[PDB]
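Asks: Got a structure for you, written out below as structure tokens; questions coming shortly.
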Amino acid sequence: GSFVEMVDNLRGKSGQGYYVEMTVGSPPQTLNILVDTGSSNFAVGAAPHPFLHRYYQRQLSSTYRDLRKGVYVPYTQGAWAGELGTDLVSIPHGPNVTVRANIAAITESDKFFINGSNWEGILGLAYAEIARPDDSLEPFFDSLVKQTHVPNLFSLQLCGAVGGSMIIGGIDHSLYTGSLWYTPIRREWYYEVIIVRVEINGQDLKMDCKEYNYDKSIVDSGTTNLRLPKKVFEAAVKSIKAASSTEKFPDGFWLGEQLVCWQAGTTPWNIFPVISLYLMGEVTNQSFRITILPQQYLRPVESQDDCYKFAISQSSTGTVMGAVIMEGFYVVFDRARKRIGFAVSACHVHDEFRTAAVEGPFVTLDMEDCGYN
Ligand SMILES: CC(=O)Nc1c(Cl)cc(CNC(=N)NC(=O)Cn2ccc3ccc(C#N)cc32)cc1Cl
């Protein structure tokens with residue numbers, strides 16, 4: 001394939017984010033940057049911190065330009081503050097171009113950096129609307145498209161336990177099997193989609209699709225869990241408990257407050273159900289379903305023991321399809337045609353009885369009502 005040099009450009013530790021090497025400034029400073037499809041700022045640590053091995057040094061970059069403007073980015077648990085500026089940016093194992101991009105130099109932070117994660121910055125891949133301080137601040141990818149020939153499209157293959165590929169400018173066919181199925185992007189801020197139905201072990205959850213998309217549903221690579229709206233989570237957990245009732249688990253396991261460990265080799269994946277999301281398709285009344293295995297939603301925590309954490313958690317900000325979902329699939333963010341594609345990942349962790357799947361088409365009536373306004 002012609003994108004061979006971008007294959008395998010992602011690394012990471014489990015549950016700690018996938019990162020790509022970027023070089024910034026001149027002479028080259030190379031940094032490990034978190035790949036996040038749920039945000040829109042390019043930001044790098046620019047001061048020493050206990051969790052950072054290296055960081056961006058602006059005074060050593062002759063091409064660094066100061067924007068004389070501070071930036072503050074709050075998240076749910078953490079936050080960071082820093083200074084805005086521009087510099088030359090490249091991705092060594094990505095497309096062969098260099099761009100002048102906005103960089104947020106992070107000079108202070110709370111619970112943002114992860115001990116041992118080996119990354120020191122974040123690459124926001126979503127649209128300008130959700131950028132701090134405001135929309136006038138062109139996100140990295142927008143800058144890439146404007147200044148260069150690179151087609152307005154990228155794709156992600158995150159392989160679970162860690163590594164994967166971020167293909168920029170195209171689609172690499174060795175990364176997936178079967179056909180690609182596309183769902184429209186509802187609005188360009190987050191990568192927003194519409195879930196029209198949810199099944200556990202082929203059994204329908206029987207809720208109004210409005211509930212599945214309450215607030216919004218997004219595809220977000222810098223989040224670990226599949227997060228479901230309060231009511232949907234409650235129902236889903238009932239159904240999963242019922243589907244795996246040949247075994248018993250403490251109530252805190254389903255809330256992620258407890259772990260269960262099996263002896264090495266013996267996890268009974270067979271007792272947990274497959275989970276299915278149906279997404280609106282590209283044609284009236286047409287949908288398709290993506291289906292994930294326990295190997296995706298039970299995550300290992302790093303002896304003689306294998307400990308697992310349930311990785312479906314409740315949300316107050318709608319559905320977030322994080323790495324739990326994405327590690328099953330090759331995902332194509334086709335920004336040029338306002339659509340997102342899913343195909344079975346050539347490298348998804350599976351066993352011999354069941355595999356992740358993307359199947360279609362299905363007929364779902366009145367899908368237009370499922371979105372929130
Ligand atoms: C240690 C850690 O969690 N670091 C971290 C942090 Cl603080 C923020 C990010 C930002 N990227 C995200 N894709 N997502 C979030 O931060 C989660 N989050 C971001 C905004 C936000 C708002 C409401 C809720 C709820 N409920 C959750 C929210 C990435 C990482 Cl790795």
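All residue names refer to the structure tokens as shown: chains lettered A, B, ... in order, residues numbered from 1 in each chain, ligands numbered from 1 in order.
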Write out as a tab-separated table the residues of chain A that have any atom within 8 Å of an atom of ligand 1, one row each with the nearest atom pair and its distance in Å to one decimal, counting only C-alpha atoms and all ligand atoms, sorted by chain and then rising number.

Replies:
residue	atom	partner	partner_atom_place_in_ligand_line	distance
A:16	CA	ligand 1	31 (Cl)	6.6
A:17	CA	ligand 1	31 (Cl)	6.1
A:34	CA	ligand 1	31 (Cl)	7.5
A:36	CA	ligand 1	13 (N)	5.8
A:37	CA	ligand 1	13 (N)	6.8
A:38	CA	ligand 1	13 (N)	4.4
A:39	CA	ligand 1	13 (N)	6.1
A:74	CA	ligand 1	20 (C)	7.3
A:75	CA	ligand 1	20 (C)	4.2
A:76	CA	ligand 1	28 (C)	4.4
A:77	CA	ligand 1	7 (Cl)	5.3
A:78	CA	ligand 1	7 (Cl)	4.0
A:79	CA	ligand 1	7 (Cl)	6.0
A:110	CA	ligand 1	7 (Cl)	7.7
A:111	CA	ligand 1	1 (C)	5.5
A:112	CA	ligand 1	7 (Cl)	4.2
A:113	CA	ligand 1	4 (N)	5.8
A:114	CA	ligand 1	1 (C)	5.2
A:122	CA	ligand 1	29 (C)	7.9
A:220	CA	ligand 1	13 (N)	5.6
A:221	CA	ligand 1	13 (N)	6.4
A:222	CA	ligand 1	13 (N)	4.1
A:223	CA	ligand 1	13 (N)	4.7
A:314	CA	ligand 1	26 (N)	7.7
A:315	CA	ligand 1	26 (N)	4.7
A:316	CA	ligand 1	26 (N)	4.5
A:317	CA	ligand 1	26 (N)	5.4

Asks: Can you tell me which residues surround residue 291 in chain A at a distance of at most 10 Å, considering only C-alpha atoms, apart from same-chain residues fewer than 3 positions away, and format the answer as a PyMOL selection string?

Replies: chain A and resi 198-202+274-278+288+325+328-329+344+355-359

Asks: Next, dump the selected residues to file, keeping only N, CA and C atoms, as a compact mmCIF listing (two decimals), in the first residue's frame.

Replies:
# COMPACT_ATOMS: atom_id res chain seq x y z
N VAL A 198 -29.87 0.00 20.41
CA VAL A 198 -28.82 -0.70 21.15
C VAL A 198 -29.28 -2.09 21.53
N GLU A 199 -28.45 -3.09 21.29
CA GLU A 199 -28.78 -4.46 21.64
C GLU A 199 -27.71 -5.08 22.51
N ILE A 200 -28.13 -5.97 23.40
CA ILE A 200 -27.21 -6.77 24.19
C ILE A 200 -27.55 -8.21 23.88
N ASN A 201 -26.58 -8.98 23.39
CA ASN A 201 -26.85 -10.36 22.96
C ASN A 201 -28.04 -10.49 22.00
N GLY A 202 -28.09 -9.63 20.99
CA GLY A 202 -29.21 -9.60 20.07
C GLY A 202 -30.54 -9.14 20.65
N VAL A 274 -22.21 -9.88 23.66
CA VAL A 274 -21.73 -8.90 22.70
C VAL A 274 -22.67 -7.71 22.79
N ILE A 275 -22.18 -6.52 22.51
CA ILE A 275 -23.02 -5.32 22.57
C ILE A 275 -23.08 -4.68 21.19
N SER A 276 -24.25 -4.20 20.80
CA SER A 276 -24.41 -3.71 19.44
C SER A 276 -25.00 -2.31 19.38
N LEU A 277 -24.32 -1.43 18.66
CA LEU A 277 -24.89 -0.11 18.39
C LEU A 277 -25.28 -0.07 16.93
N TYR A 278 -26.47 0.45 16.63
CA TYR A 278 -26.85 0.68 15.25
C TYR A 278 -26.72 2.16 14.97
N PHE A 288 -26.78 0.58 9.98
CA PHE A 288 -25.90 -0.58 10.10
C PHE A 288 -25.55 -0.74 11.56
N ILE A 325 -14.86 1.29 22.10
CA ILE A 325 -15.45 1.07 20.79
C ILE A 325 -14.38 1.04 19.71
N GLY A 328 -12.13 -1.92 18.33
CA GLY A 328 -12.70 -2.99 17.53
C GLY A 328 -12.60 -2.71 16.04
N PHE A 329 -12.40 -1.45 15.68
CA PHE A 329 -12.59 -1.04 14.29
C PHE A 329 -11.52 -0.13 13.70
N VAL A 344 -14.26 -3.61 10.31
CA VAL A 344 -13.64 -4.47 11.29
C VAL A 344 -12.13 -4.34 11.21
N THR A 355 -16.30 -12.63 16.92
CA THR A 355 -15.46 -11.55 16.40
C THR A 355 -16.25 -10.25 16.43
N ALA A 356 -15.57 -9.11 16.52
CA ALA A 356 -16.26 -7.83 16.34
C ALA A 356 -16.84 -7.79 14.93
N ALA A 357 -17.86 -6.96 14.72
CA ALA A 357 -18.51 -6.98 13.43
C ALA A 357 -19.09 -5.63 13.07
N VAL A 358 -19.20 -5.40 11.76
CA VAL A 358 -19.91 -4.27 11.22
C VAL A 358 -20.77 -4.84 10.13
N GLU A 359 -22.08 -4.73 10.30
CA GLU A 359 -23.01 -5.41 9.42
C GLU A 359 -24.12 -4.48 8.98

Asks: Would you kindly return, as an NGL selection string, each protein, DNA or RNA residue with an atom no farther than 10 Å from any atom of range 20-30 of chain A, considering only C-alpha atoms and excluding same-chain residues fewer than 5 positions away?

Replies: :A and (8-12 or 35 or 44 or 54-58 or 60-65 or 86-94 or 98-101 or 103 or 119 or 121-123 or 163-166)

Asks: Take the residues just selected and output them with C-alpha atoms as a CSV table (one decimal), in the first residue's frame.

Replies:
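Okay, this is what ended up in out-v1.csv:
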chain,number,residue,atom,x,y,z
A,8,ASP,CA,2.2,1.5,13.0
A,9,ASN,CA,2.9,5.1,13.9
A,10,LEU,CA,0.9,5.0,17.2
A,11,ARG,CA,2.2,3.7,20.5
A,12,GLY,CA,0.7,3.7,24.0
A,35,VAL,CA,-4.2,11.7,19.7
A,44,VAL,CA,2.4,20.6,24.5
A,54,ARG,CA,10.7,16.0,27.9
A,55,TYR,CA,8.9,19.2,27.0
A,56,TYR,CA,8.8,22.0,24.5
A,57,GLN,CA,11.4,24.8,24.9
A,58,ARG,CA,10.2,27.8,23.1
A,60,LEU,CA,15.3,27.2,21.6
A,61,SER,CA,13.0,27.5,18.6
A,62,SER,CA,13.9,30.3,16.1
A,63,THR,CA,10.6,29.8,14.3
A,64,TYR,CA,8.4,30.1,17.3
A,65,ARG,CA,6.1,33.2,17.2
A,86,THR,CA,2.7,29.4,16.3
A,87,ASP,CA,5.6,27.2,15.1
A,88,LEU,CA,6.6,24.7,12.4
A,89,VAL,CA,5.1,21.3,12.9
A,90,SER,CA,5.7,18.0,11.3
A,91,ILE,CA,4.8,14.4,11.9
A,92,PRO,CA,7.8,12.2,10.9
A,93,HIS,CA,5.8,9.1,10.4
A,94,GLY,CA,2.9,10.9,8.8
A,98,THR,CA,5.4,20.9,7.3
A,99,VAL,CA,2.9,23.5,8.5
A,100,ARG,CA,2.8,26.6,10.7
A,101,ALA,CA,0.3,25.8,13.3
A,103,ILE,CA,0.5,25.7,19.6
A,119,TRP,CA,3.1,11.6,26.3
A,121,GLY,CA,1.0,17.0,24.8
A,122,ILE,CA,-2.4,16.6,23.0
A,123,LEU,CA,-3.5,16.8,19.4
A,163,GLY,CA,-0.2,0.5,19.3
A,164,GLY,CA,-1.9,1.2,16.0
A,165,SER,CA,-1.9,3.5,13.0
A,166,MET,CA,-3.0,7.0,12.2

Asks: I need the residues of range 180-235 of chain A that end up classed as helix (DSSP H, G or I) by DSSP on the backbone, written out as a PyMOL selection string.

Replies: chain A and resi 209-212+230-235

Asks: Just to be explicit: take each residue in the selection above, keep C-alpha atoms, and write the result as a short mmCIF file (atom, residue, chain, number, x, y, z; two decimals), in the first residue's frame.

Replies:
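Now in again20.cif:
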data_model
loop_
_atom_site.label_atom_id
_atom_site.label_comp_id
_atom_site.auth_asym_id
_atom_site.auth_seq_id
_atom_site.Cartn_x
_atom_site.Cartn_y
_atom_site.Cartn_z
CA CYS A 209 -33.62 6.59 20.47
CA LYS A 210 -33.83 10.13 21.83
CA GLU A 211 -32.45 8.66 25.07
CA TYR A 212 -29.41 7.13 23.30
CA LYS A 230 -27.70 7.99 32.91
CA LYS A 231 -30.90 6.14 31.92
CA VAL A 232 -29.34 4.17 29.09
CA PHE A 233 -26.50 2.99 31.31
CA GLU A 234 -28.94 1.84 34.00
CA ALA A 235 -30.91 -0.28 31.48
#

Asks: Please report, as a ChimeraX atom specification, each residue of range 55-249 of chain A to which DSSP assigns strand (DSSP E or B) when run on this structure's backbone.

Replies: /A:65-74,79-90,99-110,121-124,154-159,163-168,176-184,188,191-193,195-200,203-204,217-219,226-229
